[PDB]
Ligand SMILES: *[C@@H]1O[C@H](CO)[C@@H](O[C@@H]2O[C@H](CO)[C@@H](O)[C@H](O)[C@H]2NC(C)=O)[C@H](O)[C@H]1NC(C)=O
Ligand SMILES: *[C@@H]1O[C@H](CO)[C@@H](O[C@@H]2O[C@H](CO)[C@@H](O)[C@H](O)[C@H]2NC(C)=O)[C@H](O)[C@H]1NC(C)=O
Ligand SMILES: *[C@@H]1O[C@H](CO)[C@@H](O[C@@H]2O[C@H](CO)[C@@H](O)[C@H](O)[C@H]2NC(C)=O)[C@H](O)[C@H]1NC(C)=O
Ligand SMILES: *[C@@H]1O[C@H](CO)[C@@H](O)[C@H](O)[C@H]1NC(C)=O
Ligand SMILES: *[C@@H]1O[C@H](CO)[C@@H](O)[C@H](O)[C@H]1NC(C)=O
Ligand SMILES: *[C@@H]1O[C@H](CO)[C@@H](O)[C@H](O)[C@H]1NC(C)=O
Ligand SMILES: *[C@@H]1O[C@H](CO)[C@@H](O)[C@H](O)[C@H]1NC(C)=O
Ligand SMILES: *[C@@H]1O[C@H](CO)[C@@H](O)[C@H](O)[C@H]1NC(C)=O
């Protein structure tokens, strides 16, 4: 917790540093909270940035409508 | 006979700064005699640690449940034309690299041993993205996106629906769309100018940040208290005094520090409970006054509710309520019913309004006089049982329709 | 577990101290044990009171939820279930309650072309409760939450204003049902 | 009230509604067009 | 009601305990007394909050 571990796979976060887990470029949905949006899970134990959700882009037209 | 839209902003705190303490580090630090003596008191550290971790979990849940109300991040279209409505002061600007709105930047610029600070799970960027996604969903999809899939609904269509939802029929907006757009732009400009005009506007967030920091302070300041002992230094008493006397002095110091720590834990628990209640109220307002239209009067803004927009704010949130104030009134003379051919007549949805000579029917919130016609009136009973009736004629289209 | 703590005394067992020590020193031993256990009991009472206040707040919220979602229908969005709320079932739970929200969730959206109003014979037309929806050739009205096309008829459309102040209008005829009725 | 076309709206056909009954409906302007 | 309690001291009166007893033990006795009174005030403030 908040220790720059230069005197003790090592990854550095804003909440401290994590030892024993790697980093993933892509983002998954997490269930274990850490802090500063860097979640960890078990697919070995991997650490990744949080998924904000589905990146759904909706269109818009001042002349159009959608009815279910 | 006229309407003026006023924008009112309210501030509700969401989550305060998580705080974790260490028992041996704050109480003893380095003296092993204090560490040996602390075991005589029993389990008075695990309870405090569990309490502070539960508080941190509750605050993380509080700051998660107020913003993560959608499962899809909605993207604002690159075009910024919605029918004359300038929406530039609250949408994110790509020029600033922090993805910050001018309102968000203005409100962010107006907010300033053994005590570690746990950073929140949600920093400013993800909550800014959440507020941007909710703003996009409420500007391009109406209130439908809070129920199921988002449907492409135009902004004039959704504001006409919101006008129809407060009992005003949709025959008043489209005649003066430029006027209402100019009024909305002027309201946004004046609320942007007056948001930072007074330093007491952002009262609650500044108050809770002040209370917290000072709280930690007072907890730090108790280390320099003698507590009835010779000195307030652990190494000074042990290396100078007779060890039976040092036992009593360290016992008094440790029980005073434990009382101070328990008082701080109780104060933090009370503050966290109040913050949780305020976060529940803010979540109710977020799930009601943003994801839909609320018919509760004086619940979101001073006036009839139309829509509201969320803005990200550190450790809190500020709402931008858009109200409906029908100023510049003008009075007339009325009657509860109209007598015609021995039978009473009643308005379907409006009220019979007379300007002195003739009679008209109009809506309950706007002066739009219409001729009395049998299509929007119904008959019931006779003319005798009803009181306050007047004698007048009613227009019927079949009389000129049949002979033509 | 706080009973086994010595609290700085000779021993945690009270009977051993009371049968082992004279009252000149048993007085201060009893005093230390009494004040330690009293402080522990005060902490326990404070935590119990805070937890009971939390339970009272949660129970008041649940009572409001069952009063506004079981005894009736609540029109506000996303209070009882994710979507349009119809009604709910209460269920008995040990030390709690569990609701069964029945939600109305639309699906299978379809693209359509709309217009705010239709101008006909110099006067614009506005619907009672629907919206003008066109599939490409003709124009129909339908409700806001389901697709049900109907012919443009003068009973569900009213006139207001002229054809100039309204913007985004389209040109289409309006079917008057009285004209073929009077022709028979 | 007498069931008329002013307070009723037509939809669908008489083949799918469960529990529908046989009844004629009053229509307005019926002694009006012939007089 | 808690103001007039002995709190494990010799007496509960300031003038009775600051005159008869010697100051090396009267200081400790009045320290225990004011500690108990401060605990009572903290508890009363807790229920008030
Ligand atoms: C809406 O109004 C705001 C405020 O005037 C406009 O923002 C200005 O944009 C111009 C051009 O980029 C800048 O030179 C100003 O400095 C901006 N002012 C502020 C304080 O934002 C915005 O462009 C307008 N948007 C629309 C849609 O008209
Ligand atoms: C509408 O016209 C009727 C016509 O009868 C009025 O009824 C009469 O009112 C006068 C004055 O109150 C009475 O002296 C008569 O006895 C009433 N006759 C009947 C048959 O009612 C009625 O008052 C008029 N109402 C209004 C508001 O003008
Ligand atoms: C839009 O909907 C209308 C209504 O169904 C369609 O019009 C029908 O077209 C079929 C195809 O020839 C005809 O058999 C029907 O008689 C038409 N209906 C009426 C009431 O005349 C129209 O084709 C649809 N347009 C598109 C592009 O899908
Ligand atoms: C840790 O220390 C090194 C060297 O002092 C520094 O480069 C690095 O930025 C530090 N870590 C963080 C998170 O600041
Ligand atoms: C809205 O209408 C204007 C009319 O000039 C048009 O330029 C703009 O592209 C339209 N936007 C959408 C979303 O259809
Ligand atoms: C209503 O007020 C606005 C400004 O508040 C003004 O421009 C307008 O002329 C007034 N009257 C009408 C009928 O809109
Ligand atoms: C009342 O309104 C009608 C039409 O709106 C008008 O002919 C009449 O002169 C008005 N009467 C007064 C007293 O203004
Ligand atoms: C409707 O049209 C938009 C833009 O043309 C498109 O992005 C969207 O997928 C369409 N919806 C459906 C259901 O085809």
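Protein chains in written order, with PDB author numbering: chain A, 613 to 620, 641 to 675, 691 to 715; chain B, 716 to 827, 856 to 1147; chain C, 964 to 1147; chain D, 1113 to 1147; chain E, 964 to 1012.
By construction, the Cβ of each residue, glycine as well, lies at the ideal position given by its N, Cα and C atoms.
1) What is the residue span of the alpha helix (DSSP H) that residue 712/A lies within?
2) Using the Cβ count rule (16 or more neighbours within 10 Å means buried), how would you classify residue 702/A?
3) Scan the region 1077 to 1096 of chain C for residues whose Cβ lies nearer than 8 Å to a Cβ of chain A and list them as they occur along the chain.
4) Tell me whether residue 981/C is buried or exposed, calling it buried when 16 or more other Cβ atoms sit within 10 Å of its Cβ.
5) Which ranges does the alpha helix (DSSP H) cover as unbroken runs of at least 4 residues, wholly within the region 726 to 768 of chain B, from first to last along the chain?
6) Is residue 795/B a contact residue of ligand 1, with contact defined as CB to any heavy atom under 6 Å?
7) For a cutoff of 7 Å on Cβ pairs, would you count residue 1009/E as touching chain C?
8) At the level of alpha carbons, what is the spacing between residue 978/C and residue 1004/C?
9) Could you give the C-beta distance for residue 889/B and residue 1035/B, rounded to a whole number, given that I count them as a contact under 8 Å?
10) Based on the DSSP output, what are the partners of residue 1090/C in its beta bridges?
11) Quick check: is the beta carbon of residue 939/B nearer than 7 Å to any beta carbon in chain C?
12) Roughly how many angstroms lie between the CA atoms of residue 997/C and residue 965/E, to the nearest whole one?
13) Who are residue 674/A's beta bridge partners in DSSP?
14) How long is the line joining the alpha carbons of residue 1039/B and residue 1064/B, rounded to whole angstroms?
15) Assign residue 1046/B to one of two classes, buried (16 or more other C-beta atoms within 10 Å of its C-beta) or exposed (fewer than that).
16) My output table needs one value for residue 654/A: the three-state DSSP class, helix, strand or coil.
17) Tell me whether the region 1054 to 1074 of chain B and the region 1083 to 1102 of chain B touch, counting them as touching only if at least three CB pairs, one residue from each stretch, are closer than 8 Å.
18) Going by other Cβ atoms of all chains shown within 10 Å of its Cβ, with 16 needed for buried, is residue 695/A buried or exposed?
19) Hey, does residue 1128/C have any beta-carbon neighbour from chain B nearer than 7 Å?
20) May I ask which residues mark the beginning and end of the alpha helix (DSSP H) holding residue 952/B?
21) Which runs of the alpha helix (DSSP H) at least 4 residues long sit entirely within the region 769 to 812 of chain B? Give them in chain order.
22) Taking three-plus beta-carbon pairs below 8 Å as touching, is the region 982 to 997 of chain B in contact with the region 748 to 758 of chain B?
23) Please state the DSSP three-state secondary structure of residue 1131/B.
24) Indicate the three-state DSSP secondary structure (helix, strand or coil) for residue 1008/B in the structure shown.
25) Assign residue 1146/B to one of two classes, buried (16 or more other C-beta atoms within 10 Å of its C-beta) or exposed (fewer than that).
26) For residue 1139/D and residue 1120/D, which I take to be in contact (beta-carbon distance under 8 Å), what is that distance rounded to the nearest angstrom?
27) Against chain E, with Cβ distances strictly below 7 Å, would residue 889/B count as a contact?
28) How big is the Cα-Cα spacing for residue 793/B and residue 875/B?
29) List in chain order: all unbroken beta strand (DSSP E) runs of 3+ residues lying wholly within the region 1035 to 1101 of chain C.
30) So is residue 844/B in contact with chain D if we call contact Cβ pairs under 7 Å?
31) In angstroms, rounded to a whole number, what distance separates the CA positions of residue 950/B and residue 1075/C?
32) Say the cut is 6 Å; is the CB of residue 719/B nearer than that to a heavy atom of ligand 6?
33) Under a CB-based cut-off of 7 Å, is residue 746/B close to chain C?
34) Residue 1145/D lies in the alpha helix (DSSP H); which residues open and close that run?
35) Count the CB pairs spanning the region 721 to 739 of chain B and the region 806 to 813 of chain B that are closer than 8 Å, and state whether there are at least three.
36) Span of the beta strand (DSSP E) holding residue 920/B?
This is what the structure gives:
1) Not the alpha helix (DSSP H): residue 712/A falls in the beta strand (DSSP E), residues 711 to 713.
2) exposed
3) 1077, 1078, 1094 and 1096
4) exposed
5) 738 to 742 and 747 to 753
6) yes
7) yes
8) 20 Å
9) 6 Å
10) 1120/C
11) no
12) 17 Å
13) 692/A
14) 13 Å
15) buried
16) strand
17) no
18) buried
19) yes
20) 946 to 964
21) none
22) yes
23) coil
24) helix
25) exposed
26) Not confirmed; about 10 Å, so no contact.
27) no
28) 13 Å
29) 1047 to 1056, 1059 to 1067, 1074 to 1078, 1081 to 1083, 1086 to 1090 and 1094 to 1097
30) You won't find residue 844/B in this model, because chain B goes from 827 right to 856.
31) 51 Å
32) yes
33) no
34) 1142 to 1145
35) no
36) Unbroken run through residue 920/B is the alpha helix (DSSP H), 920 to 938; no beta strand (DSSP E).
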